[PDB]
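There are 2 protein chains.
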Amino acid sequence: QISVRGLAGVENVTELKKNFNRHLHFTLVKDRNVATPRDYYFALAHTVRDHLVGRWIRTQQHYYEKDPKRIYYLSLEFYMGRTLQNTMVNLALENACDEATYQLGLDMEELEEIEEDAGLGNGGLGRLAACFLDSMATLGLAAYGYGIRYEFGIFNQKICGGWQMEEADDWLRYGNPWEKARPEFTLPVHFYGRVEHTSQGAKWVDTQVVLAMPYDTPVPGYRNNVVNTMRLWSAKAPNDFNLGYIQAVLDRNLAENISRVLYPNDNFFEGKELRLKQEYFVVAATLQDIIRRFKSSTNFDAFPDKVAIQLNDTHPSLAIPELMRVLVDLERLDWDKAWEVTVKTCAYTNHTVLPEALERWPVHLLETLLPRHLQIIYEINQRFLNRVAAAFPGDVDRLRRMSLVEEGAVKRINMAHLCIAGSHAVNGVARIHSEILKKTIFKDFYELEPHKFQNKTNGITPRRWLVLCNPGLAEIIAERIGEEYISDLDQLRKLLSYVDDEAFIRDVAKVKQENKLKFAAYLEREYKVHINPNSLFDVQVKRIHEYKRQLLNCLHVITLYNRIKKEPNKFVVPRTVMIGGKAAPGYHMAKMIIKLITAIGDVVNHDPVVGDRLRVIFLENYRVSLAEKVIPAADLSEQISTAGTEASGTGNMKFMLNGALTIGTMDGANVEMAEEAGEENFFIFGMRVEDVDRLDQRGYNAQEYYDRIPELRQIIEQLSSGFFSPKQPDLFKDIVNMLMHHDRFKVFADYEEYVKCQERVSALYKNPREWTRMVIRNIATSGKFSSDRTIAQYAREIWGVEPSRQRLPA
Amino acid sequence: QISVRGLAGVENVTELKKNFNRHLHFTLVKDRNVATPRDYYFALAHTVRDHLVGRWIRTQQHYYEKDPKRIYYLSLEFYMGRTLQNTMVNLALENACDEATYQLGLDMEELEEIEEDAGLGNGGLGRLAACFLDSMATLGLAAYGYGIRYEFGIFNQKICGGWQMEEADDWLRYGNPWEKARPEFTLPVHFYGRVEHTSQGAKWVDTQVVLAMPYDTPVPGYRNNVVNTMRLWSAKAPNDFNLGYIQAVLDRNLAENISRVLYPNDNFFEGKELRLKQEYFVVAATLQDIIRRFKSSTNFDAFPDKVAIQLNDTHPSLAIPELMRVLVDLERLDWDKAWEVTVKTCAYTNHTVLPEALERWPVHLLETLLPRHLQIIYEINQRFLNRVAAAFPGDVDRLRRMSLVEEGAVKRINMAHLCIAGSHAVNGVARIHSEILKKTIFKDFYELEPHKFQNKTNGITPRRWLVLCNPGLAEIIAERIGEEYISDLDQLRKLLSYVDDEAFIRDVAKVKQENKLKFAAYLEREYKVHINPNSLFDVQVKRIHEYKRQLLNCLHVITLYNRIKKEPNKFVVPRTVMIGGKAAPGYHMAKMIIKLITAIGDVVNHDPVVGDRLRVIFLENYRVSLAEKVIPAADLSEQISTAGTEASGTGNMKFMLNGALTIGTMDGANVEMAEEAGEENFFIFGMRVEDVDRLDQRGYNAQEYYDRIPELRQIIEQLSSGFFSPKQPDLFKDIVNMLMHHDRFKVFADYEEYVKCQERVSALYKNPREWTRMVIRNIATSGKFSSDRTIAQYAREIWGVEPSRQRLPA
Ligand SMILES: COC(=O)C(=O)N[C@@H]1O[C@H](CO)[C@@H](O)[C@H](O)[C@H]1O
Ligand SMILES: COC(=O)C(=O)N[C@@H]1O[C@H](CO)[C@@H](O)[C@H](O)[C@H]1O
Ligand SMILES: *Cc1c(COP(=O)(O)O)cnc(C)c1O
Ligand SMILES: *Cc1c(COP(=O)(O)O)cnc(C)c1O
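Chains as they are written, first to last, in the authors' numbering: chain A, 12 to 254, 261 to 314, 324 to 836; chain A', 12 to 254, 261 to 314, 324 to 836. A prime marks a further copy of an entry chain.
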């Protein structure tokens, strides 16, 4: 149908059809008379998968022959989403498969909706890992993603009575056609035990053993015939485990629980033993695999020349002491040489500055679970502090501030300090974030080793986030500038010469309208909810958290509602406000915010006077597959975190690339986005980081804003009086109390400027032509935010490898 | 190579080779450079599996079109063993696959050894179910085997320090290529809750739900293109299960534990809650599936005409009250009509008379777990006893003897009584066993309803137990009488006309020698143990149990050893005594018997004076695959259970068909085997059932035998003095105490006659020609013991269906 979706050759369509029927028969063991839609989905999945194998086998054989430096990206999260369409896009098989299934009397889009999301992540951090794998494959890097194969990913969110209900994400129920179990590479992981000091070296003995079984999933590059690997470990008990009889067998579950479920927290540290076990589990299995592959290429001096380990935050920080343990205890290298190798091999990426999100493990936990690692950590700390003492003689407070060991009620290990000490590079994920790291939380470290600190602004893959989810936009763009931009997003700048092109302006606006119509229909299909496609689609989708300030958005919504009730027959630009995102199960305030949102909708959506001028919808179960649907349909992107709290943000980039204008604070990547597009083409408002600091020094007093802003006072009084909760008048008392007495994120402080800015948005929307021209200016300057640019910088500035755009023989 | 293995056509060999390479590439994602033997095994398995699908799909379509009466065999055990070779045999692909793999540079036999046994059974009862499935498919019956897909089957037995060690049988570790998950047919099973009595009928409410997910495995008939199904249920927790968050997800294990492991008991009842849950789990899921299929053919009067349910012992006895529950509570049929349908639908097979093996569930357990079923059972009992009271007025003791409810310390439900009352047919598994049922334990029931009692002597499938495990013997036989006997075993009688044929006599003897050489080599390969292939192979393989009397065998072995030590330079026929079998983990005496056996071997195998004249080997981890190796190599089959205890026995039939002579008591099927072959061609000894009864009436006094038999006294003194356990003089004190004071199985009573009989065996072995002629007479008369004969009788006399030998279009 459309150009960017590839060719539908006669030979290929014929081949696809026969292989489809072959799998339906031999693989699914079914006939066209009893086959269900799910059966057809699997037949198609296996058919597409077949096209990957040849390339997958030769890519790996290629790396063996050339032996390039290997990149290992360690993460406890890989938010992959669905794999079928992405695979077709990267293999240029979309139109062929669409035609083939069409001829078989099937609708491919219907089949794609059957695939379960691989939701092995919470949000931004996990999705970044997924985008990175795509880019590393597209740039021809010998990269491997290593993680855990959770039996249950992020929970499926259900809304009952306006409240969030959690249900298990049994994503493997019907099977996973993309993965390939590799039991032959199963490795042992040790826990507990004790340390024994012998004549020659220490020994970790009397440990409990848990097996790590790997499952490999192919990661295809964009049309370059490269297929890398994502290896996820699954926990298995040894067969002699606990070996009355029956109980011993049933207790195998204890060991296998390690890979059972993903901790559902976004930007929040929960110091539970099971989580620590998961972190060591992935690190121990991965490092053995890395060393095994290295030897199969004694001379560990060349280890850093053949290996690069990237730590996605501190979750896999134990890789540092584990590498030391192996090199020192097992390989018998002297400490100094081992440390040199470790530092040159490891690099650390920080993803937040919120104190509650930093990992600080209790010493008593490490002491019992990983006794040898604790000893190695104390030794690392000892030698590191000796270096600090030599550089800053007499500065005793600096010593206690930089220590990896934190004193107090209970001693803890600051994992971030461990990562900085044992890594040759430390980076933030957006310019402002990286600067904050050097100026605040990591200031002492920056002063000791300035060369270690870098910035690597985040990005998103234009394959999944443009071509896959918005083919209509990808097509009108390709029509003007070709298809080269898909793997060289900077070329979108050429669109700047079409900002005055009446034809282009019309096409851009038409694509958006079509996306909105499609999404508007979807809402009624799977969720039975009516919305006016002519209204401005105002959306804020991301995990629910106080720092992201969904509450500020709520305040604006209520303001709009009160204004309409005050002057009913006054014209206002129609809006459909959409808010979606999951709240961590144990995050009470976050769950209350969800209830507030649905409560507001209950009132606003049923008020006769409002009509179709204002609608408030809460998008249930926001996940990757849902993002691919709502983002292309958005007009306004809400990125309103308090300045200095959102390290980078990536959802913001997805909206910019898909034709939505942005209203937001100068926080995270928003700053660079506005810089690229021009501040006049962005809706910036609120306090800057400096303004927040000034307020804190003076003391934030929410009462002041309440006393001086009549409209704000009214909203708070409505909340307190039960206006939004008739049967439960004090239902939102906790929210009001927090806002009024202990709001760490200063919601009230940005209220006035936010509302004013929103009026400017409605003003521009009333002028279709000018709204679209500003949109074009945003799309045209979103090139910098491609994860291909991000990965190329990591490759050259951190890993020491050169990216390649060369195709491999298919 | 050999005739009976089929043709190796050029076209087929070429096709097999290409499909083998296809699966290695696309299915296993590997190349010939990194493929391991396990990889090659799977490539072959998938290749053979492909040949089954077409036939499997059309067989099921066939049953849908013709709608014949369906046979449902319910069992908690299906001891299948390996599937690859069996599939090739039934599809006549063995030589083709052998040639194809040969050309690819691979040894098929080596690949077959890689497959894990599907050990979902304990012994005889579970293997009978497996043989039955094979025969039902070969006889063209629309049969379905229903059971549980245990994650862990019978434990793998390891021998350490002469003691049995148990280790988990993780048979699904590398995957199961034969099964096909059918999540689309997942069904709910209810537990706990309470009964609510409403205006119209009772309702079972507030129950906990566990999902039953089916996995289908194909069951090919012998060269008739019929492929039936074995459906095994797997337990799955619902997604809203227990829905802090993490714990709720981890607790899903509680529900899924139902299908986690097989209870490892042979002829022993263990009243644990988990076992009861397994029994109801299989019954509830299966019955819903049966009824669903029935409706997809309201008129339950025709239910018995379209459905037959065979209960393999009482394990699935809850099918009776569950069927009543569904018909009465859900379908709204009146009790009397529902009962009529239930009785006409169900049939029960008893497999033992040992009191400790009978199921008697505590009322308090059923009361809590299945409240509605308990009520239905009380009602059934009430109406049944009313019938008894009317037939035998005033006989109050008969009423208490026949009640389904047993009074006493704790009230229990006698499941056997439940089965007899709710079944239209009850059968024993050997003529003598069925007679004992009518004369003793079920006497009262037989007097009330004589027409219900039948006999169906057991059998074994000649496919796995002759053609598959002993191709050499199958070939020399086919050379003389053709291949028709493989599916019409009675034709072996034609071999009687070759008993004087010098050529045949030589071939029979040659095949046995080759089998012994192969097995003798195997022992050194995987177990490093030397044995003299020229000796008589004396073997007893079966589960370890006191009633099977492995101890009597031990006494004979020690006798032989003492005699040699007494007259060292006297000639004796060399023997290799092999004993193997697993002991239930909680069966202490059984574990002590294993230790005694290895202890005897430790002494006998290292005595210089004995030389290679006597060897005692304990065959580790006896299972189906091992049986296929040792049985064809045996000369003497030990079937020495105390008369009246072995219901039938089936191992005895396997040995008879494979050229071994039998030494045994007139117990179980041994009686019919001797009757078929002629008592002069069997080595019978010991007390008959009548003799055992006389002894019990008089009182068994073991001391008497000890006082009057010098050789026996010596053995007991050696055991007591520590002769076989130097470091632990009283190690076998429990064994001696049991033998001397509380031996329920009268080991001593048959000692003298057993030893005398064994001398007659050694005498015949010294005459090769006559030994072989007697062997021929046994093989020639083993036809009656084919499970095809057994199934044909069940079909005509119980299920009301006619077996068919007609091929289906392939
Ligand atoms: C440990 O931090 C987190 O939980 C987390 O998800 N952080 C997130 O990581 C993303 C990728 O760098 C950033 O864009 C987000 O701003 C940051 O909050
Ligand atoms: C519940 O009984 C058992 O545990 C069991 O395995 N019984 C066995 O069943 C076999 C098949 O009929 C018979 O041949 C054996 O003699 C009987 O002991
Ligand atoms: C892109 C993405 C995120 C990150 O969004 P931010 O607004 O940067 O927090 C979270 N969840 C999903 C499903 C995403 O696709
Ligand atoms: C045939 C068989 C049995 C039954 O043997 P009996 O001697 O009748 O108890 C038990 N186990 C296995 C593995 C078998 O093949």
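C-beta: ideal position from N, C-alpha, C; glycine also.
Among residues of its own chain, excluding the 5 on either side of residue i, which ones have a beta-carbon nearer than 7 Å to its beta-carbon?
| i | result |
| --- | --- |
| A272/A' | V221, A246, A248, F252 |
| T676/A' | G135, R138, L139, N484, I486 |
| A818/A | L150, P829 |
| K792/A' | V599 |
| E796/A | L790 |
| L396/A | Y297 |
| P330/A' | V367, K370, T371 |
Return helix, strand or coil for residue i, following the three-state DSSP convention.
| i | result |
| --- | --- |
| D564/A' | strand |
| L380/A | coil |
| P736/A' | helix |
| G204/A' | coil |
| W182/A | coil |
| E88/A | coil |
Are the CB atoms of residue i and residue j nearer to each other than 8 Å?
| i | j | result |
| --- | --- | --- |
| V15/A | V493/A | yes |
| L384/A' | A442/A' | yes |
| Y820/A' | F774/A' | no |
| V352/A | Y157/A | no |
| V656/A' | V583/A' | no |
| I512/A | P497/A | no |
| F563/A | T602/A | yes |
| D355/A | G212/A | yes |
| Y155/A' | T47/A' | no |
| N101/A' | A836/A' | no |
Assign residue i to one of two classes, buried (16 or more other C-beta atoms within 10 Å of its C-beta) or exposed (fewer than that).
| i | result |
| --- | --- |
| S663/A | buried |
| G607/A' | buried |
| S86/A | buried |
| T624/A | buried |
| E654/A | buried |
| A416/A | exposed |
Starting from residue i, trace the beta strand (DSSP E) both ways and give me its first and last residue.
| i | result |
| --- | --- |
| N481/A' | 479-481 |
| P225/A | 219-231 |
| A154/A | 154-159 |
| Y83/A' | 81-85 |
| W387/A | 386-388 |
| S663/A | 662-665 |
Leaving out five residues before and five after residue i in sequence, what residues of the same chain have Cβ atoms less than 8 Å from its Cβ?
| i | result |
| --- | --- |
| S449/A | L337, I346, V369, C372, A373, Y374, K478 |
Skipping 5 residues on each side, what residues in its chain have a beta carbon closer than 6 Å to that of residue i?
| i | result |
| --- | --- |
| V216/A | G204, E207 |
If you follow the alpha helix (DSSP H) that residue i is in, where does it begin and where does it stop?
| i | result |
| --- | --- |
| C108/A' | 105-114 |
| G212/A | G212/A -> no alpha helix (DSSP H), and no H or E assigned at all. |
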